[PDB]
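Engineer: Sharing a structure here in structure tokens format.
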Amino acid sequence: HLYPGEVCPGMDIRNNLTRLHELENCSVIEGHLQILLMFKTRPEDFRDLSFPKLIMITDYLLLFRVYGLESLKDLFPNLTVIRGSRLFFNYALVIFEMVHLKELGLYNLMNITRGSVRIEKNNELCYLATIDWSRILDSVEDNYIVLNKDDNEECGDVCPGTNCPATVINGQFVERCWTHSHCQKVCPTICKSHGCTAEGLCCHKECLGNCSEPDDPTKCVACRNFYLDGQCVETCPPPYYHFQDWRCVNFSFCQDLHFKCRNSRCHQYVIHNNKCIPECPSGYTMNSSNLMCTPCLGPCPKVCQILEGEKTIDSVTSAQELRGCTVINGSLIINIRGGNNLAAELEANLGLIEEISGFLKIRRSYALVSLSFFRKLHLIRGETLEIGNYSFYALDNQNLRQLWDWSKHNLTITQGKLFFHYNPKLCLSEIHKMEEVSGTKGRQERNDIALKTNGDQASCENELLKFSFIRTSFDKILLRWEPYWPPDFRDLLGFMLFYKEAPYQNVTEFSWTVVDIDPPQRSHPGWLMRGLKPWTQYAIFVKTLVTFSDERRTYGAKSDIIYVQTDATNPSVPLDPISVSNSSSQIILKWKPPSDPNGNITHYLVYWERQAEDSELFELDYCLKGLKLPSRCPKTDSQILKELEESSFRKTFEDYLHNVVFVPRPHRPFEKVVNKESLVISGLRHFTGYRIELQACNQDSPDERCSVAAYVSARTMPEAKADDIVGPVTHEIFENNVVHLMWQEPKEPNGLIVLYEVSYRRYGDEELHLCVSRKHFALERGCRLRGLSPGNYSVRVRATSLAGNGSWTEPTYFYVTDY
Amino acid sequence: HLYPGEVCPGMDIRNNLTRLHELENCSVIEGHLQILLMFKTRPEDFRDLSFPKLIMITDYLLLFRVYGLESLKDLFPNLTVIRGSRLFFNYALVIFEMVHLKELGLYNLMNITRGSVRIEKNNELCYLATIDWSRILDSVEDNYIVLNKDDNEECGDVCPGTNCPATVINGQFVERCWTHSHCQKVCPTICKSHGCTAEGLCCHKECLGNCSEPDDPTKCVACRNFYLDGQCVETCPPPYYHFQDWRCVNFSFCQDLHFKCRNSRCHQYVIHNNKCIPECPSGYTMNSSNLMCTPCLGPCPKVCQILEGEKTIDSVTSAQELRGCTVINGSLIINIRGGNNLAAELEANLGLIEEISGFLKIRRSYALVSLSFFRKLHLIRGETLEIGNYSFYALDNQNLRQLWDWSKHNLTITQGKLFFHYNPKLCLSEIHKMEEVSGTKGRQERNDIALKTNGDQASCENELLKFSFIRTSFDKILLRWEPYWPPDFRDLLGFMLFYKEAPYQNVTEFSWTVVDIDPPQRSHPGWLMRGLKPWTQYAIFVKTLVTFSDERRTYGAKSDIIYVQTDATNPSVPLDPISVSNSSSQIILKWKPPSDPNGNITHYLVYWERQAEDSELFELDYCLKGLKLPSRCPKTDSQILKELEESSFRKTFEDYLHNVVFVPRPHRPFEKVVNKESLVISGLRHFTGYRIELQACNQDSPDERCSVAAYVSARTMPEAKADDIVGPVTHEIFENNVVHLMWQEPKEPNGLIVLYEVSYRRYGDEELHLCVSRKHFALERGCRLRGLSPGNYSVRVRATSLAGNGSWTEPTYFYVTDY
Amino acid sequence: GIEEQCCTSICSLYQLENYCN
Amino acid sequence: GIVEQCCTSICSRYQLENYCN
Amino acid sequence: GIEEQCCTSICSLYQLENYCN
Amino acid sequence: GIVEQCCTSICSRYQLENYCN
Amino acid sequence: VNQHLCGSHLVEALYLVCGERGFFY
Amino acid sequence: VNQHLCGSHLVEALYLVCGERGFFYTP
Amino acid sequence: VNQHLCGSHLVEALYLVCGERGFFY
Amino acid sequence: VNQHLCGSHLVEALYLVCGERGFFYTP
């Protein structure tokens with residue numbers, strides 16, 4: 001159930017396992033736990049050592065170079081909550097340089113309330129990618145898990161699937177398991193943070209992590225808000241006071257803690273706002289008999305004496321030592337060598353201070369985007385200045401954009417000069433505004449505020465260029481902006497045009513194809529766009545190119561990013577035209593839409609034409625041998641320096657000349673396709689070739705504006721009995737026993753018939769064949785037999801067309817006279 | 001001839017043509033001529049005004065905004081020499097903003113001794129590209145001729161070619177002409193500078209430009225060295241002294257010039273080294289009676305009091321005002337906004353000074369490569385410092401590489417701090433050496449000498465990386481260099497490899513394909529090259545990538561550029577194989593060498609094989625119908641910052657952890673081709689198809705190492721009478737008048753004979769034909785005629801082969817019995 | 001000569017209105 | 001010089017009279 | 001598994017000596 | 001801290017004894 | 001893509017720049 | 001009219017300011 | 001040209017890195 | 001042996017210097 005036994009305040013264990021045996025009788029650690037620096041240790045020194053009683057840790061857990069430890073599943077088999085009240089360099093779980101460690105094994109870790117997890121330099125640690133930290137820690141983007149065995153090698157991670165839950169991480173579902181035999185317990189979304197039981201039932205509203213029986217505060221394992229009498233409560237009822245943000249205590253316990261410090265060497269506890277806090281905040285003073293903080297009859301701030309008069313803020317834990325401070329009796333150095341935005345936890349610890357007796361220095365703060373976390377910073381006395389007599393030292397801040405919101409924020413620097421160098425995203429406008437507000441305008445000397453490094457990567461030209469004449473064509477865009485001239489019009493070396501296609505409106509500022517535009521002659525400067533793609537929206541804005549000025553402000557002018565879309569036109573040719581004739585009169589034609597729509601495609605045009613049969617087939621003798629009828633580079637850097645130098649040299653010569661000279665004396669079938677890519681075609685002749693003309697056309701009513709077609713050919717299937725001969729077989733016998741055979745031709749064949757074959761066989765004799773071609777059939781009106789032996793024959797006739805061979809006609813019997 | 005009349009010292013003319021009339025009586029201008037600022041002038045105000053007497057100008061000629069002037073061919077039709085003793089901003093001929101000027105017309109300008117020519121902003125001036133300035137001015141690379149009509153428009157330049165000499169300028173020959181009627185006079189190379197006459201004869205050795213009669217000093221027009229009594233002399237004979245470096249004068253004239261200054265308001269002339277110089281140099285003093293400079297009995301320097309204690313050097317004319325100075329009582333600002341190296345003329349005027357009472361400032365000196373022109377600069381007193389207490393202010397020098405040669409040069413800065421910023425090619429080694437030599441080591445404060453701007457574009461890693469294991473293969477190169485470690489080994493973020501193919505040895509330093517190489521684990525770091533082209537030499541060197549350090553020196557390590565050439569291999573396939581049979585037994589085969597030699601190609605292999613005649617031609621009946629026999633990108637700066645920041649963050653966490661934890665307690669026919677790309681082939685059958693196997697092979701004796709072949713086919717020409725039938729025509733007549741014809745077959749035809757045709761015609765009747773195929777000829781042993789009418793016939797026989805139709809045999813007569 | 005000036009080279013806007021009324 | 005007076009600073013009508021006869 | 005590690009990715013020199021005696 | 005003493009400056013054998021029992 | 005204008009490209013470019021006032025070509 | 005005057009515009013400003021009397025150059 | 005190694009490229013690369021001491025593949 | 005000691009090498013330097021007696025941490 002809840003926490004039994006002792007409380008074992010924060011402890012550190014080193015150099016052996018001898019002193020760790022004092023964690024046996026306590027379940028919750030009221031502080032931080034550190035197991036580190038164990039070299040004379042062996043893997044057999046941890047099997048018999050286990051701490052099932054430990055449940056929750058308040059500050060953090062640190063593990064640094066403990067040899068022989070392979071898994072935490074035995075040391076802490078029931079650790080479930082790390083509150084993270086006090087972090088170790090903005091981290092709540094640090095595992096650093098754990099040699100011989102192979103798996104985490106913290107299979108009960110459910111919630112990490114505050115902080116992050118860092119795992120680094122563990123050459124044998126695996127089962128790291130199989131942990132869903134999003135279910136454990138809220139802000140998972142701040143975790144730093146690098147240089148392990150999960151990426152250096154390919155160590156296997158076997159989560160039993162025949163039960164470990166699978167959750168999506170990036171784009172795939174993977175099973176979650178701490179070890180080879182323990183699955184990461186995942187609760188349903190109905191149990192937000194209170195946890196679930198074995199059967200998946202939500203615990204009490206005041207619960208956290210795990211519980212024995214659902215919907216019962218007294219059967220939980222880790223309290224979400226506070227602990228009291230084995231029960232989790234939202235707030236401490238009277239006469240109990242909050243203590244360490246995790247449990248409720250009476251006045252006697254806090255008094256004993258206070259007296260144990262007063263009568264000894266410390267955190268002399270007091271009472272304020274129904275809490276037993278270490279030090280009373282600003283504006284209150286502890287009394288003699290009672291410990292409750294009465295408000296003072298005077299504005300007494302909380303001074304925080306910084307040792308050595310210089311404090312470096314580099315993490316959440318360093319800033320937290322200034323929590324509740326109002327006046328700082330020292331100097332602050334803000335250096336977050338990071339990559340994750342800590343302003344959320346920085347404004348909670350800082351931002352309550354008003355005065356700084358020394359200097360404020362912000363150096364190499366990569367992650368900071370603004371100094372707005374100083375909510376109440378008003379006075380910088382500068383009684384102790386940075387070397388070189390500086391009271392505000394900003395340097396090498398790669399993402400600093402805003403110093404303060406000067407509309408409502410007041411600032412007053414008493415002494416010391418300013419310094420701003422290598423702030424690529426902090427512009428001179430903010431610096432000068434802060435100079436005016438602070439009152440140190442006439443205090444800085446040259447090169448204290450840099451010019452080629454402050455804001456060199458930020459667009460703050462603070463002057464608007466207005467486009468004056470824009471119109472678009474097929475593949476060109478015409479641009480015209482109002483002319484711009486600095487006071488020295490020769491300083492304008494020309495304009496620079498940035499363009500980029502954008503499907504949607506909101507586009508970033510500052511790809512980005514560049515073209516250099518000369519200044520006009522003193523006619524708007526303008527420029528003509530070329531090499532565009534039709535029906536595409538582009539982002540356009542112009543940024544001036546002025547010569548640098550070391551003395552005064554350099555200069556600035558730029559235009560808002562306008563969006564222009566070029567017009568539509570005829571699309572491309574439809575792709576992949578394929579035609580298939582599944583039936584004797586039906587053809588299915590399939591195609592792909594053109595790759596260049598150049599607008600919205602509205603309709604398609606398909607044309608057909610029956611191909612006339614080749615003339616030579618009607619005038620070829622195919623009974624002869626040989627009768628095989630077919631069965632149908634950015635501008636390099638030194639270069640631009642050359643134009644810069646030449647343009648400056650021309651002005652230098654002009655100025656020298658002017659100074660010297662002047663002395664101041666004293667029809668075919670078709671159809672319309674609607675949003676379809678195929679068609680079934682009716683009314684087609686059987687076994688005939690067709691020519692298809694296919695177009696994709698995006699405009700019908702206001703005249704068609706569309707391109708050339710795609711051509712393809714297809715042949716329909718033939719009929720069954722098209723080639724078969726119909727009609728009775730008619731024969732004539734002359735005086736000289738000449739047999740003249742006649743038969744009705746197949747009026748409607750599959751295209752055309754090339755030849756006929758007649759098979760006459762006298763009874764008992766062998767079959768005789770004779771080919772009759774088109775010309776023979778026309779000349780003889782069928783067949784003519786000369787010189788035949790007496791007897792009775794059997795005559796069968798077949799017709800051969802383009803489709804193939806037709807069926808033979810019924811046998812016919814004729815008898816020639818014997819004489 | 002030589003110069004007559006007056007000398008008219010340098011004059012300036014403005015606002016009208018009224019004061020130009022004093023140039024009428026003088027031929028030489030002893031100074032500078034400036035015609036400028038004439039707005040109320042018309043083109044008709046210059047036709048009647050000419051100065052044919054003017055010959056040469058000592059200092060320079062300047063022309064600035066004179067309206068109505070279209071050509072100088074009338075103003076100065078005899079100007080020939082501009083000595084350039086005193087320049088106008090390192091220029092000897094300045095033509096600036098000449099509106100209405102169309103052509104130069106200075107058709108006698110031969111030599112410009114010193115300076116350059118600037119022509120700018122002349123919207124109508126043409127005939128500029130038709131001038132060979134190399135024949136006029138020595139250092140032509142310093143000319144600045146931009147923004148004229150020669151490039152803005154296409155104004156014609158007609159030089160009469162039917163006489164203007166043509167000289168090569170870049171890669172083409174173009175005629176030279178000042179105007180449409182005047183050719184630029186060019187002398188032969190035998191006349192180096194003395195000039196030539198009309199017929200092309202060299203003038204005297206002491207002559208210059210032009211002369212009337214060759215080999216006569218007294219008939220010249222412009223003296224090369226000095227002028228005296230209408231004669232050009234190398235040196236002034238006694239008792240004459242040099243004056244203004246162009247003429248010789250007696251002591252009386254220089255005394256009168258000296259007395260005209262002493263007894264009036266100046267250039268109080270003296271005598272020194274047989275010269276009448278304005279001011280005597282250091283170590284000499286003028287006497288009372290005589291003007292000769294006696295050496296002083298003491299080291300008195302020539303101090304040069306600079307007005308306002310600050311002088312800006314920006315051109316040759318500004319530096320020339322300090323000529324002969326030894327101690328400067330002021331401050332020098334060196335700012336040559338240029339692009340041309342002026343060190344040659346800067347060391348002549350400067351470099352004679354030893355002390356500078358103020359500060360020395362070098363700002364925006366683009367063209368300077370070194371400060372070595374200060375030959376004798378020893379002391380910089382710094383009695384008047386630059387704002388911010390600076391005595392040596394170097395800033396924004398884009399090409400400054402060397403300050404001084406510290407092996408022999410001494411320097412001593414008395415007061416003032418140092419300053420070095422934005423010198424991309426000046427490295428910290430030179431700065432620190434100068435700090436040590438000058439004695440101001442413990443005088444500079446932080447940010448006075450920058451780190452990320454000084455030498456950021458120069459390779460001065462001043463530590464050698466030695467390659468340890470190099471070996472090459474087909475297309476891979478293996479590289480291994482000795483491991484390098486800074487004192488903080490975590491600062492080494494990895495190595496960077498630069499490679500580039502180089503046909504020849506000497507290659508530039510600092511293309512250059514880059515690959516990032518991780519540091520090793522503490523095994524030499526090394527790297528394996530992939531994607532190479534065989535038999536190619538590459539330039540290899542490795543430059544380390546270390547984390548920046550703001551406090552101390554950053555760090556450095558790089559390797560000398562080594563050169564490795566990969567091995568040779570089999571070449572590519574020979575290209576374009578074409579075979580032509582010009583003769584019945586000869587075939588010429590032509591090919592191109594392979595595009596990938598991969599070494600030196602030694603020999604070629606060509607193979608042949610006779611293709612057997614197709615079998616079906618021997619078993620085809622070609623007498624039937626159907627007898628048609630054929631008649632055979634750098635990772636974006638954004639990413640690299642991310643790796644830099646992450647690498648620094650890991651070290652920051654490591655340092656925080658270490659500080660927290662540790663507490664300091666108190667066989668087929670072939671042939672071999674030798675360097676040839678074609679072959680004539682003998683011993684070939686007539687009219688036969690051959691298959692060709694062609695190889696290019698670069699190794700013969702130590703086993704052939706070469707690739708696959710290219711295949712092509714060719715057919716030889718046929719013989720004339722190969723298809724003709726030889727042998728007598730033999731016939732037999734049977735009892736039934738059956739004619740059996742026999743004829744000997746053409747044993748050796750063009751491949752094979754497909755058929756024979758026999759033409760028998762009875763006398764008075766018509767010709768009868770009968771085709772005899774191969775099988776018919778074999779079966780009947782020729783021809784067999786059955787059922788022939790009585791009479792006498794004429795029989796001719798022809799043979800048809802693959803080549804074509806053979807000639808008919810001689811007629812043969814046979815008579816069949818009539819019975 | 002528009003062809004000789006920007007069929008082998010590139011002509012900007014400024015030298016294009018010169019061909020206008 | 002006139003440049004430092006006029007192009008960098010601001011010249012008035014009276015100041016330009018110093019550069020005339 | 002050399003194939004799975006640098007036939008679809010790039011393997012540097014260091015993880016190639018690990019396949020050696 | 002130990003880092004500023006050892007990694008930036010130079011530590012001796014005696015100095016490292018202060019970080020031991 | 002981004003290259004010189006020749007022929008029809010030139011005539012469309014000139015029609016783009018001018019044509020309200022008129023161009024002769 | 002009051003503005004910065006540089007280069008050619010400076011020359012035109014001087015010419016409009018004076019030029020009926022002419023520019024000055026030292027004797 | 002600068003892509004991963006697969007097959008013969010890998011075997012030549014391994015023969016380049018090692019083979020004096022020996023590699024099994 | 002005298003050199004810069006950073007990170008892991010620093011930890012090994014401490015372990016070789018002492019460790020028979022153990023590291024020190026404040027009570």
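Identifiers in this document derive from the order of the structure tokens: chains are assigned A, B, ..., residues are numbered from 1 separately in each chain, and ligands are numbered from 1 in order of occurrence.
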With only C-alpha atoms as the counted atoms, please give the residues lying no more than 6 Å from residue 21 of chain F, apart from itself and same-chain residues fewer than 6 positions off, as number ranges by chain.

Structural biologist: J: 22-24

Engineer: Please return the superposed copy of chain D as a PDB file with N, CA, C and O atoms, in the first residue's frame; the fit should be least squares onto chain F across all sequentially paired Cα atoms.

Structural biologist:
```pdb
ATOM      1  N   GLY D   1      36.054  24.082  -8.635  1.00  0.00           N
ATOM      2  CA  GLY D   1      35.808  22.685  -8.939  1.00  0.00           C
ATOM      3  C   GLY D   1      37.037  21.961  -9.451  1.00  0.00           C
ATOM      4  O   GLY D   1      38.058  22.584  -9.739  1.00  0.00           O
ATOM      5  N   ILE D   2      36.937  20.634  -9.562  1.00  0.00           N
ATOM      6  CA  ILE D   2      38.070  19.848 -10.037  1.00  0.00           C
ATOM      7  C   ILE D   2      38.333  20.109 -11.515  1.00  0.00           C
ATOM      8  O   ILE D   2      39.483  20.035 -11.969  1.00  0.00           O
ATOM      9  N   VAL D   3      37.290  20.415 -12.289  1.00  0.00           N
ATOM     10  CA  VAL D   3      37.468  20.627 -13.723  1.00  0.00           C
ATOM     11  C   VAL D   3      38.344  21.846 -13.979  1.00  0.00           C
ATOM     12  O   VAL D   3      39.328  21.772 -14.722  1.00  0.00           O
ATOM     13  N   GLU D   4      38.021  22.976 -13.345  1.00  0.00           N
ATOM     14  CA  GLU D   4      38.812  24.185 -13.549  1.00  0.00           C
ATOM     15  C   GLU D   4      40.253  23.994 -13.094  1.00  0.00           C
ATOM     16  O   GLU D   4      41.166  24.618 -13.648  1.00  0.00           O
ATOM     17  N   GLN D   5      40.476  23.143 -12.093  1.00  0.00           N
ATOM     18  CA  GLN D   5      41.833  22.905 -11.617  1.00  0.00           C
ATOM     19  C   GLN D   5      42.620  22.021 -12.578  1.00  0.00           C
ATOM     20  O   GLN D   5      43.801  22.280 -12.838  1.00  0.00           O
ATOM     21  N   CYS D   6      41.993  20.974 -13.114  1.00  0.00           N
ATOM     22  CA  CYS D   6      42.724  19.926 -13.822  1.00  0.00           C
ATOM     23  C   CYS D   6      42.621  20.022 -15.340  1.00  0.00           C
ATOM     24  O   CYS D   6      43.639  19.916 -16.030  1.00  0.00           O
ATOM     25  N   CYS D   7      41.416  20.193 -15.885  1.00  0.00           N
ATOM     26  CA  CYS D   7      41.262  20.188 -17.334  1.00  0.00           C
ATOM     27  C   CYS D   7      41.733  21.492 -17.965  1.00  0.00           C
ATOM     28  O   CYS D   7      42.283  21.476 -19.071  1.00  0.00           O
ATOM     29  N   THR D   8      41.531  22.622 -17.287  1.00  0.00           N
ATOM     30  CA  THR D   8      41.972  23.916 -17.801  1.00  0.00           C
ATOM     31  C   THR D   8      43.387  24.244 -17.330  1.00  0.00           C
ATOM     32  O   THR D   8      44.278  24.499 -18.146  1.00  0.00           O
ATOM     33  N   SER D   9      43.603  24.248 -16.018  1.00  0.00           N
ATOM     34  CA  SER D   9      44.933  24.425 -15.454  1.00  0.00           C
ATOM     35  C   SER D   9      45.647  23.074 -15.438  1.00  0.00           C
ATOM     36  O   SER D   9      45.227  22.114 -16.088  1.00  0.00           O
ATOM     37  N   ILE D  10      46.751  22.984 -14.703  1.00  0.00           N
ATOM     38  CA  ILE D  10      47.521  21.753 -14.577  1.00  0.00           C
ATOM     39  C   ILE D  10      47.495  21.312 -13.122  1.00  0.00           C
ATOM     40  O   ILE D  10      47.810  22.101 -12.223  1.00  0.00           O
ATOM     41  N   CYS D  11      47.120  20.057 -12.893  1.00  0.00           N
ATOM     42  CA  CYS D  11      47.097  19.473 -11.559  1.00  0.00           C
ATOM     43  C   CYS D  11      48.356  18.654 -11.319  1.00  0.00           C
ATOM     44  O   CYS D  11      48.872  18.002 -12.230  1.00  0.00           O
ATOM     45  N   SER D  12      48.846  18.695 -10.083  1.00  0.00           N
ATOM     46  CA  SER D  12      49.977  17.881  -9.674  1.00  0.00           C
ATOM     47  C   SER D  12      49.478  16.646  -8.927  1.00  0.00           C
ATOM     48  O   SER D  12      48.279  16.461  -8.707  1.00  0.00           O
ATOM     49  N   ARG D  13      50.415  15.779  -8.535  1.00  0.00           N
ATOM     50  CA  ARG D  13      50.044  14.586  -7.783  1.00  0.00           C
ATOM     51  C   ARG D  13      49.466  14.939  -6.420  1.00  0.00           C
ATOM     52  O   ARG D  13      48.508  14.300  -5.968  1.00  0.00           O
ATOM     53  N   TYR D  14      50.029  15.948  -5.751  1.00  0.00           N
ATOM     54  CA  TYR D  14      49.543  16.323  -4.428  1.00  0.00           C
ATOM     55  C   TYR D  14      48.146  16.930  -4.505  1.00  0.00           C
ATOM     56  O   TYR D  14      47.325  16.732  -3.600  1.00  0.00           O
ATOM     57  N   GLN D  15      47.856  17.673  -5.576  1.00  0.00           N
ATOM     58  CA  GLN D  15      46.555  18.326  -5.691  1.00  0.00           C
ATOM     59  C   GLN D  15      45.426  17.305  -5.763  1.00  0.00           C
ATOM     60  O   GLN D  15      44.350  17.519  -5.192  1.00  0.00           O
ATOM     61  N   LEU D  16      45.649  16.189  -6.459  1.00  0.00           N
ATOM     62  CA  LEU D  16      44.623  15.160  -6.575  1.00  0.00           C
ATOM     63  C   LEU D  16      44.351  14.438  -5.263  1.00  0.00           C
ATOM     64  O   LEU D  16      43.326  13.756  -5.156  1.00  0.00           O
ATOM     65  N   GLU D  17      45.234  14.562  -4.268  1.00  0.00           N
ATOM     66  CA  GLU D  17      44.975  13.952  -2.968  1.00  0.00           C
ATOM     67  C   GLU D  17      43.877  14.674  -2.199  1.00  0.00           C
ATOM     68  O   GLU D  17      43.322  14.102  -1.254  1.00  0.00           O
ATOM     69  N   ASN D  18      43.553  15.912  -2.578  1.00  0.00           N
ATOM     70  CA  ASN D  18      42.486  16.642  -1.904  1.00  0.00           C
ATOM     71  C   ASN D  18      41.108  16.080  -2.221  1.00  0.00           C
ATOM     72  O   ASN D  18      40.147  16.390  -1.509  1.00  0.00           O
ATOM     73  N   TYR D  19      40.986  15.266  -3.269  1.00  0.00           N
ATOM     74  CA  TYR D  19      39.717  14.675  -3.665  1.00  0.00           C
ATOM     75  C   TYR D  19      39.576  13.235  -3.189  1.00  0.00           C
ATOM     76  O   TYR D  19      38.731  12.495  -3.707  1.00  0.00           O
ATOM     77  N   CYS D  20      40.385  12.822  -2.218  1.00  0.00           N
ATOM     78  CA  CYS D  20      40.358  11.468  -1.693  1.00  0.00           C
ATOM     79  C   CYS D  20      40.238  11.522  -0.177  1.00  0.00           C
ATOM     80  O   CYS D  20      40.542  12.538   0.453  1.00  0.00           O
ATOM     81  N   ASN D  21      39.774  10.418   0.402  1.00  0.00           N
ATOM     82  CA  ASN D  21      39.575  10.322   1.846  1.00  0.00           C
ATOM     83  C   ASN D  21      40.860  10.600   2.619  1.00  0.00           C
ATOM     84  O   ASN D  21      40.912  10.428   3.837  1.00  0.00           O
TER      85      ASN D  21
END
```

Engineer: Taking only C-alpha atoms into account, report as an NGL selection string which residues of chain E lie within 8 Å of chain I.

Structural biologist: :E and (3 or 6-11 or 16-17 or 19-21)

Engineer: What is the distance between atom CA of residue 401 of chain B and atom CA of residue 427 of chain B, in Å to one decimal?

Structural biologist: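 Computing the Euclidean distance for atom CA of residue 401 of chain B and atom CA of residue 427 of chain B yields 7.3 Å.
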
Engineer: Kindly give the distance, in Å, that separates atom CA of residue 766 of chain A and atom CA of residue 728 of chain A, rounded to a single decimal.

Structural biologist: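 Separation of atom CA of residue 766 of chain A and atom CA of residue 728 of chain A: 24.0 Å.
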
Engineer: What are the residues of chain A lining chain G at 10 Å or less? Count only C-alpha atoms, and put the answer as a VMD selection string.

Structural biologist: chain A and resid 471 to 479 527 to 533

Engineer: Have a look at atom CA of residue 304 of chain A and atom CA of residue 369 of chain A and let me know their distance in Å, one decimal.

Structural biologist: 26.7 Å

Engineer: Return the neighbours of chain D among the residues of chain A, cut-off 7 Å, counting only C-alpha atoms, as a VMD selection string.

Structural biologist: chain A and resid 488 655 658 to 659 662 to 666

Engineer: Could you write out as a list in words the residues of chain A within 10 Å of chain E, counting only C-alpha atoms?

Structural biologist: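 Residues passing the distance filter: residues 152, 153 and 154 of chain A.
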
Engineer: Near segment 275-277 of chain B, counting only C-alpha atoms, which residues have an atom at most 7 Å away, once you skip same-chain residues fewer than 3 positions from it, shown as a ChimeraX atom specification?

Structural biologist: /B:241-243,254,269-272,280

Engineer: I'd like the contact shell of residue 133 of chain B - 10 Å cut-off, only C-alpha atoms, skipping same-chain residues fewer than 5 positions apart - returned as a PyMOL selection string.

Structural biologist: chain B and resi 110-112+116-117+128+138-141+143+169

Engineer: Could you write out the selected residues, including N, CA, C and O atoms, as a compact mmCIF listing (two decimals), in the first residue's frame?

Structural biologist:
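What ended up in out-v1.txt:
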```
# COMPACT_ATOMS: atom_id res chain seq x y z
N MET B 110 51.87 59.44 -77.14
CA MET B 110 52.74 58.28 -77.32
C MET B 110 53.09 57.60 -76.00
O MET B 110 52.94 56.38 -75.88
N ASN B 111 53.55 58.35 -75.01
CA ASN B 111 54.00 57.78 -73.75
C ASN B 111 53.38 58.52 -72.57
O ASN B 111 53.29 59.75 -72.57
N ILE B 112 52.95 57.75 -71.57
CA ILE B 112 52.56 58.28 -70.27
C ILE B 112 53.52 57.65 -69.27
O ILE B 112 53.39 56.48 -68.91
N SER B 116 48.28 56.45 -64.38
CA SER B 116 47.29 55.64 -65.08
C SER B 116 46.28 56.56 -65.74
O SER B 116 46.38 57.79 -65.65
N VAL B 117 45.31 55.97 -66.42
CA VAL B 117 44.27 56.70 -67.13
C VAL B 117 42.92 56.26 -66.60
O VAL B 117 42.63 55.06 -66.56
N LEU B 128 37.06 54.03 -77.72
CA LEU B 128 37.87 53.69 -76.55
C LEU B 128 38.49 52.30 -76.65
O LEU B 128 39.65 52.12 -76.28
N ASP B 138 52.76 51.96 -69.41
CA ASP B 138 53.46 50.74 -69.03
C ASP B 138 52.54 49.81 -68.23
O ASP B 138 52.28 48.68 -68.64
N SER B 139 52.05 50.28 -67.09
CA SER B 139 51.18 49.48 -66.23
C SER B 139 49.74 49.71 -66.66
O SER B 139 49.04 50.58 -66.14
N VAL B 140 49.29 48.90 -67.63
CA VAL B 140 47.94 49.06 -68.18
C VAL B 140 46.87 48.45 -67.29
O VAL B 140 45.69 48.79 -67.43
N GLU B 141 47.24 47.56 -66.37
CA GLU B 141 46.26 46.90 -65.52
C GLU B 141 45.64 47.83 -64.49
O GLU B 141 44.62 47.47 -63.89
N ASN B 143 44.45 50.87 -65.21
CA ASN B 143 43.48 51.76 -65.84
C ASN B 143 42.06 51.41 -65.42
O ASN B 143 41.73 50.24 -65.18
N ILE B 169 44.81 42.21 -78.49
CA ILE B 169 44.49 42.72 -77.16
C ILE B 169 44.26 41.59 -76.15
O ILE B 169 44.95 41.51 -75.13
```
